[PDB]
Amino acid sequence: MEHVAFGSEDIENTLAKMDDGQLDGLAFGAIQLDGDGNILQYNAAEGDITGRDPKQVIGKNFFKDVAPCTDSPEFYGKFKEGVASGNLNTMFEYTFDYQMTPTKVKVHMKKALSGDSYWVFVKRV
Ligand SMILES: *C(=O)/C=C/c1ccc(O)cc1
């Protein structure tokens, strides 16, 4: 395992050192998005939660293509305000229900330490 707790205050500094292989050792799902919502990184734990194959969703748009259930003011709306503002740090519960059994999760969205990238972290509840 990589030992990093979900919700940790300095998580963006810790994850700045990991490559795709290290990200697969986290105890929670991790997605890195660009400012348009395209998927740059997608770890093994996220694929275990949602059924998606990580290598197949990299490059797709999360809000348009992969996760239309998140295209709502409650999820995408928060993301886009964060990108526009250049700051984002929010945690909320959500249900993922597209082409899968409805699954309740906790989501943490946080701006990355690098400029135009954003993390989405997911764990079951
Ligand atoms: C709603 O459409 C949610 C879909 C979804 C969430 C998270 C993922 O990693 C993949 C699909």
# chains A, B, ... in the order shown; residues from 1 in each chain; ligands from 1
>>> select_by_dssp(residues="region 11-116 of chain A", states="alpha helix (DSSP H)", output="number ranges by chain")
A: 11-15, 20-23, 44-50, 54-57, 76-85
>>> write_last_selection(atoms="N, CA, C and O atoms", output="tab-separated table (two decimals), in the first residue's frame")
chain	number	residue	atom	x	y	z
A	11	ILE	N	-2.66	16.44	0.98
A	11	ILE	CA	-2.66	15.32	0.05
A	11	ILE	C	-2.10	15.68	-1.32
A	11	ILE	O	-1.49	14.84	-1.98
A	12	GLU	N	-2.29	16.95	-1.72
A	12	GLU	CA	-1.79	17.30	-3.05
A	12	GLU	C	-0.27	17.33	-3.08
A	12	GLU	O	0.34	17.07	-4.14
A	13	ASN	N	0.41	17.60	-1.96
A	13	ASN	CA	1.87	17.52	-1.94
A	13	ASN	C	2.35	16.08	-2.00
A	13	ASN	O	3.29	15.73	-2.68
A	14	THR	N	1.65	15.20	-1.25
A	14	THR	CA	2.05	13.80	-1.21
A	14	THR	C	1.90	13.16	-2.59
A	14	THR	O	2.71	12.42	-3.10
A	15	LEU	N	0.76	13.46	-3.26
A	15	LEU	CA	0.49	12.77	-4.53
A	15	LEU	C	1.27	13.37	-5.68
A	15	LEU	O	1.34	12.78	-6.75
A	20	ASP	N	1.85	6.67	-12.30
A	20	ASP	CA	0.59	5.95	-12.37
A	20	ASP	C	0.70	4.69	-11.48
A	20	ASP	O	-0.30	4.34	-10.86
A	21	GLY	N	1.84	4.04	-11.41
A	21	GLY	CA	1.98	2.82	-10.63
A	21	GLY	C	1.80	3.02	-9.13
A	21	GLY	O	1.17	2.24	-8.40
A	22	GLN	N	2.37	4.11	-8.61
A	22	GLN	CA	2.23	4.42	-7.19
A	22	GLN	C	0.78	4.79	-6.89
A	22	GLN	O	0.24	4.46	-5.82
A	23	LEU	N	0.12	5.46	-7.83
A	23	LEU	CA	-1.29	5.85	-7.56
A	23	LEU	C	-2.16	4.61	-7.38
A	23	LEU	O	-3.17	4.63	-6.66
A	44	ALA	N	-6.34	2.19	-9.91
A	44	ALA	CA	-6.94	0.88	-9.83
A	44	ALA	C	-8.06	0.85	-8.83
A	44	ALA	O	-9.08	0.20	-9.06
A	45	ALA	N	-7.94	1.54	-7.68
A	45	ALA	CA	-9.00	1.51	-6.69
A	45	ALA	C	-10.26	2.13	-7.25
A	45	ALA	O	-11.38	1.65	-6.94
A	46	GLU	N	-10.15	3.17	-8.09
A	46	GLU	CA	-11.35	3.78	-8.66
A	46	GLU	C	-12.01	2.75	-9.59
A	46	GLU	O	-13.24	2.60	-9.60
A	47	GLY	N	-11.20	2.05	-10.42
A	47	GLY	CA	-11.79	1.04	-11.30
A	47	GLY	C	-12.46	-0.08	-10.51
A	47	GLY	O	-13.44	-0.63	-10.98
A	48	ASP	N	-11.97	-0.43	-9.33
A	48	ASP	CA	-12.64	-1.42	-8.50
A	48	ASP	C	-13.99	-0.93	-8.02
A	48	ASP	O	-14.93	-1.73	-7.92
A	49	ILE	N	-14.13	0.34	-7.73
A	49	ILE	CA	-15.40	0.91	-7.25
A	49	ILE	C	-16.39	0.98	-8.40
A	49	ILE	O	-17.57	0.66	-8.20
A	50	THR	N	-15.96	1.38	-9.59
A	50	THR	CA	-16.92	1.76	-10.65
A	50	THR	C	-17.02	0.78	-11.80
A	50	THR	O	-17.95	0.90	-12.61
A	54	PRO	N	-9.10	1.38	-16.10
A	54	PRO	CA	-8.38	2.64	-16.07
A	54	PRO	C	-7.74	3.06	-17.38
A	54	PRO	O	-7.75	4.23	-17.74
A	55	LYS	N	-7.19	2.09	-18.12
A	55	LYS	CA	-6.46	2.55	-19.29
A	55	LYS	C	-7.39	3.00	-20.39
A	55	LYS	O	-7.00	3.73	-21.30
A	56	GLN	N	-8.61	2.49	-20.31
A	56	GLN	CA	-9.57	2.85	-21.34
A	56	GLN	C	-10.26	4.19	-21.15
A	56	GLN	O	-10.83	4.71	-22.11
A	57	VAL	N	-10.26	4.77	-19.99
A	57	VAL	CA	-10.95	6.04	-19.73
A	57	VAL	C	-9.98	7.21	-19.75
A	57	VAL	O	-10.42	8.34	-19.89
A	76	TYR	N	-20.40	18.66	-11.18
A	76	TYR	CA	-19.72	19.46	-12.22
A	76	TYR	C	-19.80	20.94	-11.92
A	76	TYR	O	-18.84	21.67	-12.18
A	77	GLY	N	-20.94	21.43	-11.39
A	77	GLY	CA	-21.05	22.86	-11.09
A	77	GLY	C	-19.96	23.31	-10.12
A	77	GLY	O	-19.37	24.42	-10.29
A	78	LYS	N	-19.66	22.51	-9.10
A	78	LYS	CA	-18.61	22.82	-8.16
A	78	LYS	C	-17.23	22.77	-8.80
A	78	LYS	O	-16.37	23.58	-8.51
A	79	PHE	N	-17.03	21.76	-9.64
A	79	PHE	CA	-15.77	21.68	-10.36
A	79	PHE	C	-15.52	22.90	-11.21
A	79	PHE	O	-14.43	23.53	-11.17
A	80	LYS	N	-16.51	23.27	-11.99
A	80	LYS	CA	-16.24	24.39	-12.91
A	80	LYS	C	-16.04	25.70	-12.18
A	80	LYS	O	-15.24	26.54	-12.61
A	81	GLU	N	-16.71	25.93	-11.05
A	81	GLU	CA	-16.46	27.14	-10.27
A	81	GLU	C	-15.06	27.10	-9.71
A	81	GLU	O	-14.37	28.12	-9.71
A	82	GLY	N	-14.56	25.94	-9.28
A	82	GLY	CA	-13.21	25.80	-8.79
A	82	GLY	C	-12.17	26.07	-9.83
A	82	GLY	O	-11.18	26.79	-9.60
A	83	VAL	N	-12.35	25.57	-11.02
A	83	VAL	CA	-11.42	25.81	-12.11
A	83	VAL	C	-11.42	27.30	-12.40
A	83	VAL	O	-10.37	27.89	-12.54
A	84	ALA	N	-12.60	27.92	-12.49
A	84	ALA	CA	-12.63	29.34	-12.88
A	84	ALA	C	-11.91	30.19	-11.86
A	84	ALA	O	-11.29	31.18	-12.21
A	85	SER	N	-12.09	29.87	-10.58
A	85	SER	CA	-11.59	30.60	-9.42
A	85	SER	C	-10.14	30.32	-9.15
A	85	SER	O	-9.39	31.09	-8.55
>>> residues_near_ligand(ligand="ligand 1", cutoff="7 Å", atoms="only C-alpha atoms and all ligand atoms", output="list in words")
residues 46, 47, 50, 52, 66, 67, 68, 69, 70, 96, 97 and 98 of chain A
>>> residues_around(residues="residue 106 (chain A)", least_positions_apart="6", cutoff="9 Å", atoms="only C-alpha atoms", output="count of residues only")
10
>>> closest_residue(among="A:63, A:58, A:51, A:7", to="residue 100 (chain A)", atoms="only C-alpha atoms")
A:51
>>> atom_distance(atom1="CA of residue 60 (chain A)", atom2="CA of residue 40 (chain A)")
8.6 Å
>>> residues_around(residues="residue 119 (chain A)", least_positions_apart="4", cutoff="6 Å", atoms="only C-alpha atoms", output="PyMOL selection string")
chain A and resi 31-32+109-110
>>> atom_distance(atom1="CA of residue 116 (chain A)", atom2="CA of residue 39 (chain A)")
12.4 Å
>>> select_by_dssp(residues="region 7-122 of chain A", states="strand (DSSP E or B)", output="PyMOL selection string")
chain A and resi 29-34+38-42+61+89-96+103-111+117-122
>>> atom_distance(atom1="CA of residue 53 (chain A)", atom2="CA of residue 73 (chain A)")
26.6 Å
>>> residues_around(residues="residue 27 (chain A)", least_positions_apart="2", cutoff="9 Å", atoms="only C-alpha atoms", output="list in words")
residues 1, 2, 3, 4, 5, 6, 24, 25, 29, 45 and 123 of chain A
>>> closest_residue(among="A:72, A:65, A:36, A:28", to="residue 107 (chain A)", atoms="only C-alpha atoms")
A:28
